[PDB]
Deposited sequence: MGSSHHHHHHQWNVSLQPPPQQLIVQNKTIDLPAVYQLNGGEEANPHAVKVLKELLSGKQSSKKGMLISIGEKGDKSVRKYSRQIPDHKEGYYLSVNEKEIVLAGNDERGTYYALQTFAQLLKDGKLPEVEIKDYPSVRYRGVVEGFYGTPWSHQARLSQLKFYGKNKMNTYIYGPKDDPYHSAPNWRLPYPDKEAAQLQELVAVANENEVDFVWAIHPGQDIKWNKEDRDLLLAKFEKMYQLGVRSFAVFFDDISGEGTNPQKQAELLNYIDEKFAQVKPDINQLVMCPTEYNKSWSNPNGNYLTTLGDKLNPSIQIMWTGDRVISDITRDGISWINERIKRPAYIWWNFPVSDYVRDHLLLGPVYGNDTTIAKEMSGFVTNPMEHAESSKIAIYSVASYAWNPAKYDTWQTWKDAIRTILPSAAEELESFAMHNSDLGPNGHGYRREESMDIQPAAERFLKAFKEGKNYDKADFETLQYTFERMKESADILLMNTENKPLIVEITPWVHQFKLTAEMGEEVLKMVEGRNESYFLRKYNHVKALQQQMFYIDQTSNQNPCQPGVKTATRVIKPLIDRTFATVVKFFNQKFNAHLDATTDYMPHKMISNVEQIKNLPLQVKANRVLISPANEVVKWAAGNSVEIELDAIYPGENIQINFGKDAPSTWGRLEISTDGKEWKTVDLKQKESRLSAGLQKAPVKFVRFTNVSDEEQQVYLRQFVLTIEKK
């Protein structure tokens, strides 16, 4: 179950016991970070000249002289061997020896090891994570846990650049970090050194940069300050800006100046990376030369980032050849998944897939932009680690499961059950979607076809939907009480509650389908109406972010099935008993075309596309109104007019006037009312 899978592996079907007495060779000349891991696995057991020999070292150390032809000639490569007589842990360099110990740890199970020989190295030079999303940046504790996660999975790159960090971007990118933040970054560097991770500190100055010597010197003095805190890798981001910062000639000259007077003057600087203004094909200029200007001017040692054909996209062979021909070097991939800062009411916990597995030679690096929930991003981050190290053997679904069993061994099935139905994005401006609920979709669709048109449904499909809802409630309850990874549970709790209510509503709707007598039907109908109101309450109190507030879950297949079945059986009931039950699926306290009202924060809106009127559930102080292509009231009858101001964009302030009724009548497609709460 080795992850990432080695490049060469030979297994024997013999097993040996971890030596109760051993003899260590090279503990004083091999990588201290590797030796530490090794003595943790050996602790309690006896060290002496007598007993089984264990040899650790880098190529060149006396300890591994006998094995120098077995060691691959690759950066961060290594050689591992286990048999009845000895154990050999030999890297090509110090990082190779560490990675050798990471594979060693997985092999050890029940104090036993397999007789095995491994020769291994990475297909992609730089592999890791870039924290470059919009929203609440990762807490200090989350980042400490991230960096240890990367070393176990042989990730060698952590790029720091949260967009909402003011000392990284606007407005204070010229200012050194305050003492509290500086000591915290100094600890992150230490921890990342211990885990063999390059800490890349980025800076995002392009929105108000001036191409003079004052800003150029200040950017360097900040880089020097970051250097004093330990940083040895650096990046400059020019994404999502307007104005003079988009000049490719000035951008290249700045990065070349950083190379020659900073990166070439220090003794120990590693990566130097920049992100271009045009960072995807769809947004580049055909009548232009931005990318060819960078490609010709940028020093060859400086990397250039790229998200692919679009802002959210999969990386193909056509797409990477399109950019490599222009920038005149292999691209440094910035892959925007599972980042969710444009769909903040969803969790994206599905598998990693869609990236070509034969283009390892065509890319300098590969980093994933994750979500603001750090522990939840581990599922996809684990998969990127596997993909980037050995793409030729990358198995999508098997790594998704292996990730889940590593993140939460105590309740892995319960978490897989949760993630299976929390992976799609819903409709979004990028048109980027993922698979969800694929195992139950066939039976779901067959049940609803037959149900809508009087035919009998297969009893097996009906039982498959009952089995689903029942297991959903098991996982929700078990996950909420799980203390193995308390940070993970805290992140997902609002979705876990909504998950459970979805499942309860599902069971009640299926009982409406069975529908024995009239009295039972109305009982289940009233219970569904209560569950709807409960889902509304969570949606309005939990995760009230300023962008897409609320909580959505199981949206691709499960929620449409429950809503469509509820609407259908309610209409059959009204036809049979001549009744007038409400068939609407989402609770809404306000009232009144078929466009439903929405409540987002303190806003009340109509969904975008004598006359008509909106009635609130009470009186509220009014703030403003916005319409895009006349009167208000508090009791219905006594109205009053306020006029609008145009600039498509009609606005008007209410200035705290009491309001309950709003009307538009016949005078000269968003439509929003903002109130005070």
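Peer 1: Given the full deposited sequence, which segments carry no C-alpha coordinates?
Peer 2: Coordinates drop out over 1-14, 607-613, 631-638, 642, 660-669, 688, 707, 711-717, 727.
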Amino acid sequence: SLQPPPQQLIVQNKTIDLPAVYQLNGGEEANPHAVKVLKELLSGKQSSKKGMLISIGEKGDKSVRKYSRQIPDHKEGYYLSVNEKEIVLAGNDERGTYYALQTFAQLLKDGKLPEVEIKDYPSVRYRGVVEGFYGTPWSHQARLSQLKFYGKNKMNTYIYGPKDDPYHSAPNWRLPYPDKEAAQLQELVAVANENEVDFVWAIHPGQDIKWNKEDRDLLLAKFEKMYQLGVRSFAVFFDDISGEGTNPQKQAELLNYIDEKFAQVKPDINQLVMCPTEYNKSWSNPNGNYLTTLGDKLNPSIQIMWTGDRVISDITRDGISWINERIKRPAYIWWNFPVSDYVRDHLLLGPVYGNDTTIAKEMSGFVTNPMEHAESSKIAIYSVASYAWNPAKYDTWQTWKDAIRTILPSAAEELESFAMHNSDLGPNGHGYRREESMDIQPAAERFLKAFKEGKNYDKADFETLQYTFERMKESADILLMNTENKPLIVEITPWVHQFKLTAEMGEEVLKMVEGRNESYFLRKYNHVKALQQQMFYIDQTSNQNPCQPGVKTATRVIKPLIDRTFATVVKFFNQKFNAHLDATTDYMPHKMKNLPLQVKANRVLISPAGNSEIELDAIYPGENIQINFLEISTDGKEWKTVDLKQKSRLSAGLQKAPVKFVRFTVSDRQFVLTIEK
From here on, numbers count along this sequence of modelled residues.
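Peer 1: Averaging only over Cα atoms, indicate whether 183-191 or 297-305 has the higher B-factor in the PDB entry.
Peer 2: Mean C-alpha B-factor is greater for 297-305.
Peer 1: Comparing 336-344 with 438-446, which stretch shows the greater average C-alpha B-factor in the deposited entry?
Peer 2: Higher mean C-alpha B-factor in the PDB entry: 438-446.
Peer 1: Would you mind finding, among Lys119, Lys591, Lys225, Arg523, the residue with the largest C-alpha temperature factor in the entry?
Peer 2: Within the set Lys119, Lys591, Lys225, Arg523, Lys591 shows the top C-alpha B-factor.
Peer 1: Among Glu491, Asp268, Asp73, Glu504, where is the Cα temperature factor highest, going by the PDB entry?
Peer 2: Most elevated C-alpha B-factor of the set, per the entry: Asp73.
Peer 1: Comparing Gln598 with the other modelled residues of its chain, is its CA B-factor in the lowest, middle or highest third?
Peer 2: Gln598: CA B-factor falls in the highest third of its chain.
Peer 1: Could you place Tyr160 in the lowest, middle or highest third of its chain by Cα temperature factor, using the values in the record?
Peer 2: For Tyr160, whose C-alpha B-factor we compare with every modelled residue in the chain, the answer is the lowest third.
Peer 1: How does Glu375 rank on Cα B-factor within its chain, lowest, middle or highest third?
Peer 2: Tercile = middle for this residue's CA B-factor.
Peer 1: Using the B-factor values recorded in the entry, state whether the Cα atom of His168 falls in the lowest, middle or highest third among the modelled residues of its chain.
Peer 2: Lowest third - that is where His168 ends up once the chain's C-alpha B-factors are sorted.
Peer 1: In terms of the chain's CA B-factor thirds, is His140 lowest, middle or highest?
Peer 2: Within its chain, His140 is a lowest-third residue by C-alpha B-factor, going by the deposited values.
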